[PDB]
Every structure is written in structure tokens, then in C-alpha cells.
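Given next are the chains, with one letter for each unit.
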Amino acid sequence: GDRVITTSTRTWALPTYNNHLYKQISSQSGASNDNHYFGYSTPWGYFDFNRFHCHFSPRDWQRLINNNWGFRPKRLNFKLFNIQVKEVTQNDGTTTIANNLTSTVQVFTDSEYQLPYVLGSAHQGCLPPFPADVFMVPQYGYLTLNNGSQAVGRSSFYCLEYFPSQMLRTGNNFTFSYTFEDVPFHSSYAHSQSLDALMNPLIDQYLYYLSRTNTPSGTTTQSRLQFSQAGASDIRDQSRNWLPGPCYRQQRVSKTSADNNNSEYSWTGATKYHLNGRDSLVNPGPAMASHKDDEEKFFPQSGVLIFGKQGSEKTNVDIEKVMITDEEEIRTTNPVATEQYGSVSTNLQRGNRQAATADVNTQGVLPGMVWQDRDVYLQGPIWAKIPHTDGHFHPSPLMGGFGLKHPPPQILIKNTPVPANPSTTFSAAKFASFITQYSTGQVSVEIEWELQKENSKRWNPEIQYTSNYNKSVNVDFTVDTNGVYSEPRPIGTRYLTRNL
Amino acid sequence: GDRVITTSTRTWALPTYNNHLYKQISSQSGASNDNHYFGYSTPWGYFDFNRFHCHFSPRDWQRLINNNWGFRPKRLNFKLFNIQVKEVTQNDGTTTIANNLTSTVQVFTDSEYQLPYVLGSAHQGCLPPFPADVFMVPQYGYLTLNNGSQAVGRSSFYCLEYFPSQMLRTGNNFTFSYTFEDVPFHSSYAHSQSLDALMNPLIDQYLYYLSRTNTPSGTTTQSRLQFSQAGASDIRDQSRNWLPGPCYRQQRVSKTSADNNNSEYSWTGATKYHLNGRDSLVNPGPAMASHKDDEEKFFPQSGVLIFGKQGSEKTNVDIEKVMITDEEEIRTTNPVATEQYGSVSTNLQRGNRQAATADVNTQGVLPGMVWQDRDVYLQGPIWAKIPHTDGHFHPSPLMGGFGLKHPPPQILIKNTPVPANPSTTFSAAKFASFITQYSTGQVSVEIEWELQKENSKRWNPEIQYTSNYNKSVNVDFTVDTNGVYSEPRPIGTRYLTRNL
Amino acid sequence: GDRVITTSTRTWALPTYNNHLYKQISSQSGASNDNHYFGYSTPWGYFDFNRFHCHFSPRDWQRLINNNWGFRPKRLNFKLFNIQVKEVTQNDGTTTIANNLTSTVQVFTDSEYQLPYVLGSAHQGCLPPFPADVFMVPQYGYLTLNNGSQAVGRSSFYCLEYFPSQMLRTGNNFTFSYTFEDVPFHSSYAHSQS
Amino acid sequence: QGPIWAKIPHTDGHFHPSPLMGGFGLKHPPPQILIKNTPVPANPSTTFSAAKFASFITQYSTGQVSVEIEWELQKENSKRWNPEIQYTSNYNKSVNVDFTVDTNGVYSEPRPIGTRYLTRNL
């Protein structure tokens, strides 16, 4: 009631990747100097389970999303069990399996966050949406530092066979518990009222701003400047003690595709920054914006988010599959998307001298700013692991989600190598001749989120996202015919409304 | 001694507004699309008492303002009593009153801040300056959300007859206590010394900056670049570890009115931003600036504050009544008003290539910024109720004053309707035929502010705002002849000086 | 959580109907013989509050309707208070009010269900939807038995001034508590499958 | 906007009472509680009299009212995998939303509602 407890489980399959041998991986020499990566590929595999798919399913997303203002995770517990090591041999056109029993698997974990922590991109393949079937574990490895291809001093290279591990035979299991520290609840409410009008419309404030300057002489010219008390009426002159959050700009692009010159403006016309002289564009903006009321056919080029419609073939797939989140609901506070934040004076005015204006395309944070977060679509990420640093400035990760400083640990996996027969003559160096095998087992987690209840004295119904209706040949979600699973539309949580 | 306790009281009068019936209120269709408001008007009335007039009077403003570095409120208590319900009937050219006794009045309050909290603009009519006479209570009602006129989903509409109330007959009273959480003391000291010179003038620092580049060959041209250790002398090259606060720009306008082209530049030339595509100008700037030393005839167009000289007829009143606060005292740190914050390089320089500069009109917050607040004029507001949000970035409300997250509650009032005689035939629907009546009573509050004392080892006298002198035909403040009350000049608190 | 508690309140106005005199009421003789009613009209007025408007408002209807399979009422409590008797006089083209104080009002109740219980049709005028304004109390009276217009033996005619009442001056209030016995929960679920 | 309890008549032949209006079948419904305001005559004629004069003093009355209920409800739990219907407020830019007063103080209530939304397998 006060808090909800989630539990999941899955089965998984672990191959062997590098042939049990680290391989440094680097960028191609033909890759443009905007792109160079120099790094390592380890055999170890690792679990992810960072996304909301794992823990909810649509119904329990409603039950959560409609009834609560906010929530946070209060702990988690985690389990591996039913570990079944398995062998495979290929003779000629023949196959075999024959589980080999006593062979083991290595796991450990890091509380110390010592090893490089890489999730962060929401790389695909965390866990299957929907409980059925199975997923093969992805392997590890990391970029570090490059310069132009090549290498520089420092440049890391950890080992991963150092740390005390645990070696788990068939019929042995592994767990650990973890507890989040705390974070402010994630927002849900949609902010009934905009900032621009917070005011009682009936009375009028006692400040006069400045009325029409100039005024006729005579019929023409005087420097007379007069004042008019504000309130009701024109509004828009209201003295206001708060400010809307910061923004840049984006290149507006239409889903209609009736427009946009020919043209290729991307990525040339896109917004980007270059760190260390290598251009980098910005996929999430600082979480903000919208398109605008009544438009819906325009969206920011690099803004918002994509996802996609299964099955989605990468690299040049057309618009129908992508799904393009709208982001319209934060319109209350954040300063929309592609607009000049607002005009500001430039040149002073003499008797002979006209004044600008000339405005601006950006702002930056200022005292008295307020802004809201972003929304989380349940196929999105969860926690971002703020880097270990100084200059935080509170961490509202652009992906959305929680800002953990000590995220849940990482827990890589590997299955111990078994050599084939040696030559008995001793030898130079190290033979490979490995015995091909892989592994499988279960997995669990659980969370126990804590959520704050909802209460409001509003008189009328509210929105409360629904299942829609009416005779779709294929409803959604649930499998169509031959076993493929679907997920039409994104969801995200802002529905309940709180007065600002 | 350690802390001062304030107490006030007044008498008040409550009419009946809507005829006891909610009326949705909307913007005119002829109102330009920059202006649309769609909202409600409830019968309920409400108290304000948010301004400094209520609690002090000029003398006790001195006694406070001169002797203390800073202060904050530590609690308050509040009272209604001596409630006298009253009736009025009009027959023909006749009048009558005849207090009706047992009829009641409804009050309650909200600690939960559930209902929309609207003060925020310093709408006129809180309480009378000066204890005499009486004030009629303003009514409630709120804007919420519009789009273009019209309406959208959400859009609120609370009731106000839901909550448990208290119904107070003649000879019954009502109170409650409230306690502020805490806030840093409000500043007073004026910062004796500017940032630019913090340094001991006698010694010189050991960093060399960069001296004249170029230098003659020969007599003309060399790329020679040489260095000169700083200190004393030129100054202005001093390495400095702190930065002045952020700013925009304003349109400078003269009180002299000898200038400014013809011209109407307002509001076209004014500084503004448009949220959701509707332009909004900025009445308080981010609290900052000044005009400059020795000028005093120039002030920012949209900057500073107005107030006005009683009696002040709204809409086009001339300059003599407005009073135009100067804001000169923060000159120490904040970066004045209409000036380019400062130049910054633009293009690199080759052997053939000249460099800019080209500067900037704005900045935004940066690490190592410092700035000071604003000053509070005792006819200004007090607490702003920071909205319930995430992105605070400490709340220094542009109106000035304290940043309460849980402000003192709101406490609306209404007087229960009494119908006239029915028709005994039963009826359709609901008759009105109300009995015209209104109400009156007392009011109290009190605060008990806590203030920190002042001590300084300065050797010489200080400024300490005074009453001036010399044979004014009308002193100030105190009533002139026929009972009208005056308040010449604003006041505000920065007088005592602290070394920075 | 387990159970929700509702509370409402309203203001109301009570006229005087028959001039304080019972009047037997009957069907018109011209009314077709499919229609004949023979009955009484008493001065007494009565409260209704039997409809869901009174207790919920749309939002709290959602909050209920979406989250639960079923429900039943487990009790109720009831109150009258702030009773203000009032007078009206009409001289010529003039009006007056002048609350008269000590005059009283009579109420009682029936647990025994003795008197004819008539609600049953959802006659209009129970309470106002929405809290505002006010509603005038409807009067009582009942049909019993007719034959063709006229009357037959039996045919009732209660009094209503028999029972012990309570007479409530200004500055006096009245309550009682009541408890439902039990009923199976009302259904909500829509039955997924035929 | 419908009724609530029907007061099954005092009888024999019940055959469980599912009142056609809908709502609960109480055998002992909440009581009835009629009201009346005592008559005050005008001045008599002092000559005594036949019969009974009327000459009443016109008056009426007003006051408050309360009730309350405390319903008991059973919670909902279902293992269904997909969203459900859950009646909503609709959307989209109605010149007049619903319910809440339009302009001059009249109150509205568009559409009926009724409760069947949540789904249980039969």
C-alpha cells in the first residue's frame, strides 16, 4: 500500500566470446578523425536490467502511473540460481550437448565501483520485454582514451581477473542485497497552471511598469513618458518574481516532409559542440520544450527521443517505425523548443539614435529559474551514475531518471576455460584447443519501490491514461499470431495534475 | 532585545460578491492573442497582510533598519474576533441595517496548500497603511490554463465548499499559530569595498600577466611579447579569484525627457521573452544594477520599481507621482544595468588575421559568481512561496523577500447565504432571492521576528537614514489636513556598512 | 484505505404548505379511468438525499470507479444544526423579515417504519448536485387506495401528529446514527468472456 | 445520478430483490425524518368564537444539513497483462469542458457515467 514490491525472473544463456583472450580494439584508420576509439574487448559478460520493461508490464504501469504523485526505489535484492553448465561438441555434420556437471562459472561484483562502470547508453539487450523466451548475455569492454587512433600515456587497461570471485557449480546459487541511499521522488503531476499567469485576475497590482512613451506634441513629437498601473486588461505587464528554465534552440523539422528545402541540412545544420576539437551533436537536449500548441507536425531535429517499432531494421529505416515522442506536457514552464528565448536591449538611444533588441538564441541558468525534469517512458533508463566529480549542479540526467552516486553494482560473468588434451611433449607458449561450451540459468532481482500516495480536492474527472478502445484487428502489446511481441506507442508519466 | 515582537490590528468589512454563485471568467475575444485568460471567480474573500506596512510604521522601521545587520521571522499568531454579522435592506428610498445575530460566517484554512495559492503579485488592498479606517476584503479566483481563450483538458476548477470549515456566530472567535521553518537572515550591510579592489595596494603580486606585445623592431614590427609583473601602478591587471553576478541589459531611459528620439520604442524596444509563443516582458530584472555614479537622471526602462504617490490615478499618469526607486547601492558587486557585461575574444589571429572581441550582451551564471539579493522597501512584499518543483537554484524572489516553501496559510472567508421566502408551491431549479447582508469584525496577527544584532569596530560616523529636516509645509507620512494619509519617498534597507 | 468515508453539507429552506391543514387530494373526474388516485397532502416536509450526487462529485467517482471491484455502505450519521427560524410579513408594497427567535420546528423520525415510506420513484428535488446554493424541502403525502376515484374501506389516513417529536429552538441541534445490516457488494467488473 | 436503496416491501415472495432501478435492496432502509414548523396564530377576537380561525403568521425556516456514510469497498487486484479501460476525462479543447459552471452560474453535467469498467474474467 505505502510501497510496492516488484519481482521478475528470466532465463539466460552465456556463450564464450574472445576465445578467452583479451583483444584490444581500435577505430579503423579510414574512419574520419571525428571518429576514433581505442579500447579493449574482454571475454566477460554482464547483466544490465536497467530499464523499466523488466519490472512492470503495462497494467502495473497504469496502476502506478494513474494513482501516485511520485515514487523512488528503496532497495533491491538479486539472485542467480539453477545454474546449469553445458557443453557442445561438433563432430563433422553432427551435434552433441551432454551437460558436463562439475565445471564452474565465475561472477563476483564490485561495491567499490573500482572497475569502469559502463551502462549509461541504454545499450540494447538488457532483458526481454515480456517474460517469455531468453536472452544471450552481452560482453564487456570499454573505450578509455585514444587521441588520434593510437594511444597516449595513462590509458588504463584493467584485468578483471584479480578480484576475489565465487565459482558456482551446478546446484549452487548466488545473491546479494543493495540499498539505495535516497533521492527526491520522481515527479508525475502536470502542473495545472502556467507561470505567466499565477495572478488573481480580479484585482490589479500596485506597480505601474511603463505605459506608452512618446505621445503627440501637438500632433507629433514629445519625449513624454507616462505610466499605467497594471492588472487585468492587458496583463503581460505583470511584475513576476519567477523565471522559466534555460534553453538553446533546435532545428525544427516537419513530420509532413512537404518542406525543408531540398534538402540535406543534417548534420551540418544540426546543433552540436566540439570537445577537444571533435564535433559532437546532442541527442537529448537539456530536458525541455515541446513543439507548440496545435502544431504536432513539427519536432526538434536532434531533440526528443525515438525508440522504434519492432522489428526495426537499423540504418536508413523510414519514419513510420520510429515513434518520435512528442514532449508537449512541460509547456507550462520550460521555454518550448525552437524559439529565441527572448529579446534583450543592445544599443542605447540618443535623440538621434535608435535602439535594439537584436535578441538572443540562448540563455543559461540564472537566479530565479525554475524548470521541470523530463518524463520517463518505461522503455527508458532508470539511474545514470553521476560521475565522481566536483561540479555537479544537481544531476538531472538528460536521459531522465534517477541520479545515483553509488548505483547498484555491476556483476560480470565468465565461464572458466577447459583446455583439450595437451601434447605430453611439453611445449612452448600456450595452446588454445579449448573445449567449446556455454551456460544457462535463472535470474531474479526485485526492487520494492516506495511511492507517495495521491490526494487532490479537484472537482471534475481527470485524464488517467487508458487502453483506448474500438475493434483494433490487433490490440497492442500481447502477441499477434506467430509469437512476436509488440509494444505500440510510448507511454511516459505525466497524467495526474497538480496546481503549480 | 534579541528579537522583536510585532502586533497589529484592524477592522474590516466583507460584502457578498457573485450573488453566491461561481462564475467562470474569460478573456475578451477582442483581446489580442498575446492576452488570453480563462478562469473562475468565486464568492469567497481572503485576507492578505503580505507587505511591510502592516507591521512596522516608520519609526519602528528606523529602530530596526539602523541597528541591525539582518533578521528573519521566527513565527506568527493570528486572530479574528468581535465578529458582527450585519444585514441591510433597501425599501424604496429608505435604508436599514438591523444586525441579525445568529447568522454565521465560514472560514477554515489550508495547511496542505492544496488549493491554488495566489498572492504573489502584491495585488493592492492587503491592509491599510496606518491603523485608522477600514478596508473591504477582496474576493478570490484564479486563472489556471487557457490556450487561445477557450479551454483545454485538465483545467482544474476546485470547489472551496468541500473542506471542513468553522462557522462563527457573533460572540465567537478564531485563531491559529504558525511557525516558519528558517531562512538565512536578510542582508542589510552595504559592502564597504568593491570586488575589483580587494588587494593590499602596497605590495605587488608575483604573477606577470602579459605586458605590451608587438614592440618596435627596429622602429616598426616585431612579434615580441613581453611580460610585466603586476601590482600597485596600473592595477586592473590584478589576478582575481572572484566574479561579479550575472546580468542581461536594459533600455536606458532618462527622467529628463530631453531625449529618446521622438519616440515610441516601448514596448517594441523593451526586453522581453515569449513563453509558449506569447511575449512577456520582465518587470523586475534579475535583482541587480543601478544607474551609475553621478548620473541619477537615467534609469532602466523595465528595471527597478515604481510604486506611486497618493492619490494615483492609473493608466497614463505622468512621472511626478511614480517615485522610481534608484537601486544604486549594490554597485559594489552586481554589474550595473545597461552595459555589455564584457568583451570576449572571437576570431583567432594569424600573421595576416586581425582579432575580435565583438563582446556580448549577456552572461548567465558561472562558477565563482557572487551577487547580492535586492533591497526591501517596506511597502514591498515579504515571502514569495517558491513553487513546488525540482529546479530551484536558490530562490531569491525577484520581488525581493523571503523564499518560503511552506508559506503561512491562506484562510478564505465567506458569509453563509440566507434565502428569502419561498413560493410554497415547490418549484423547479433554485431560486436566488437572497437577503442582502455583509459582515465586519477585527483582525490581529503578530509576528515576533528574530534579528541579529550589530557590532562594528569602524572609527567614524555612519549614514543611518534620518528624518531630514527644515521647515517643510507638510512633513511626511502623518495626515495633512482633511484626513488623507501620505508616504513620501520609498525607504528600503541598506544603510549599515560591512566591509566586504 | 480499506473503506472510504463521505461527508456532505448543504443549506435548505422550509416553507409552509397547506396552511397547516391536511387536504385530501384526488384524481380529476375527467382523468381517464386508467388514471385515478385518491390520497392526502400533509403539511409536513421531508429530506431525501437518496441519489449518488450528494456524496461524491466526479473526481471521487473516478477514484472509486476505477480502483475497486465492489463496495457497500457500512453505516451513516446524520445532523441538523444552525437552525434559524425566520418570519416574513407583507404590508402593502413592503416586505420584512425579522427573525423571531424562540419559535420552533418539529422533526422526530420513525425507526419502526410504521408510517408509509415513500421515496422509491427518485422524485426530483432530493439535494442539489454541487455544493452551492440551496433547495427548498418538498412536502409529503401519499396515495393509498382508490378504486374508481372515490374511496373504499381500509384506506388508511395516518395523522403525523401523534409520535413524540423534538422541538428545536434556534441554537439547538439534532442527530442520529444508523447502521446498515449488510448486502453483497455491488458489482463493477465487466466479465471479460461470454 | 441514479437511486441507491429501494426498501423491499414487507412481504413473503421476495425472490432476491434486485430493484429494477438498480441499487441496494435494504429491508430496513434508513429512516425518513419529516419536518414541520409550528404554527403561530394571529390575534384572536377576544369575544371567543365558533370553530377555529386561521389568521396564521407567515413564516419559514432554514438551516444546515450533514449526513455522512463511510462505505466499505473491496480492493482490486488482477494479474492481467495489458492496460485496461478506466473511464477518463476525454480531452481536446472543448469550449465548455463539462460539469463545472459555464459562465453565469448554471451548472452542467454532460453524459451519464455508471460503473462497469474494470474487467474480471467470468
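Glancing now at the interface of chain A and chain C. Taken residue by residue, the interface counts 10 residues in chain A and nine residues in chain C. Of the roughly 830 Å² buried between chain A and chain C on both sides combined, carbon and sulfur atoms contribute 46%. Viewed at the interface, chain C and chain A are joined by three salt bridges. Note that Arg63 of chain C is salt-bridged to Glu454 of chain A, the shortest N-O span being 3.5 Å. Between the two partners, chain A and chain C, sit three residue pairs in polar contact. In terms of residue class, the side of chain A that touches chain C is made up of three nonpolar, four polar and three charged.

Covered by surrounding structure in strand 1 (residues 34-37) of chain D are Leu34 and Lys36 of chain D together with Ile35 and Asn37 of chain D, the residues of both alternating faces. For strand 5 (residues 45-46) of chain C and strand 1 of chain D, the ladder comprises two bridges, and the chain directions are antiparallel. Across the sheet, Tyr46 of chain C pairs through a bridge with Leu34 of chain D, a residue of strand 1 of chain D. The pairing of strand 11 (residues 105-106) of chain C with strand 1 of chain D spans two bridges and is classified as antiparallel. In the strand pairing of strand 1 of chain D, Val105 of chain C is matched with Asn37 of chain D.

It is common to give the size of an interface as the accessible area lost on bringing the parts into contact. With 62 residues of chain D in contact, the opposing surface of chain C contributes 95 residues. In total, chain D and chain C occlude about 8600 Å² of area from one another, counting both sides; carbon and sulfur atoms represent 60% of this. Our enumeration of links across chain D and chain C arrives at three salt bridges. With its nearest N and O atoms 3.0 Å apart, the salt bridge here joins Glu70 of chain D to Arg3 of chain C. Here chain D and chain C share 40 residue pairs in polar contact between them. Ranked by the residues each element gives to the side of chain D that touches chain C, the list is headed by strand 2 (residues 59-65) of chain D, at seven residues. Looking at the side of chain D that touches chain C residue by residue, the classes come out as 29 nonpolar, 23 polar and 10 charged.

This part is about the sheet that holds strand 21 (residues 437-443) of chain B. All names here are of chain B. A sheet is described by the order of its strands in space; here four strands give the open sequence 8-21-2-12, paired in mixed fashion. Either end of the sheet is taken by a strand with one partner, and the two such strands are strand 8 (84-87) and strand 12 (135-136). By the bridge criterion, four bridges tie strand 8 to strand 21 in an arrangement that is antiparallel. Counterpart to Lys86 in the pairing with strand 21 is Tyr438.

We now examine the state of the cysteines. All names here are of chain C. Under the defined criterion, the tally for this structure stands at zero disulfides over all chains. The thiol of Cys54 is not disulfide-bonded; the next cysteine sulfur, from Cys126, is found 4.7 Å away. Relative accessible area serves as the criterion here: at 5%, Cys54 is assigned to the buried category.

To continue, consider the side chain of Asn66 of chain C. Its location among the elements puts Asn66 of chain C in the loop between helix 1 (58-65) and strand 6 (70-73). Other than its neighbours up to four places away in sequence, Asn66 of chain C contacts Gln464 of chain A together with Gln86, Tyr87 and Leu118 of chain D.

What counts and what doesn't
- Residues numbered from 1 in each chain as written, not as in the entry; some residues may be left out.
- Chains lettered and ligands numbered in written order.
- Part of a larger assembly, values for the part shown.
- Heavy atoms only, no water.
- Contact = heavy atoms within 4.5 Å.
- Buried area = accessible area lost by both parts, 1.4 Å probe.
- Salt bridge = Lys/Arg side-chain N within 4 Å of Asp/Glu carboxyl O.
- Polar contact = N/O pair within 3.5 Å; in protein donor to acceptor, adjacent residues only side chain to side chain.
- Nonpolar A, V, L, I, M, F, W, Y, C, P; charged D, E, K, R; others polar.
- Buried < 20%, exposed > 50% of the residue type's maximum accessible area, 1.4 Å probe, protein only.
- Helix = DSSP H or I, 4+ residues; strand = E, 2+ residues; numbered from the N terminus.
- Pairing = 2+ DSSP bridges.
- Disulfide = S-S within 2.5 Å.

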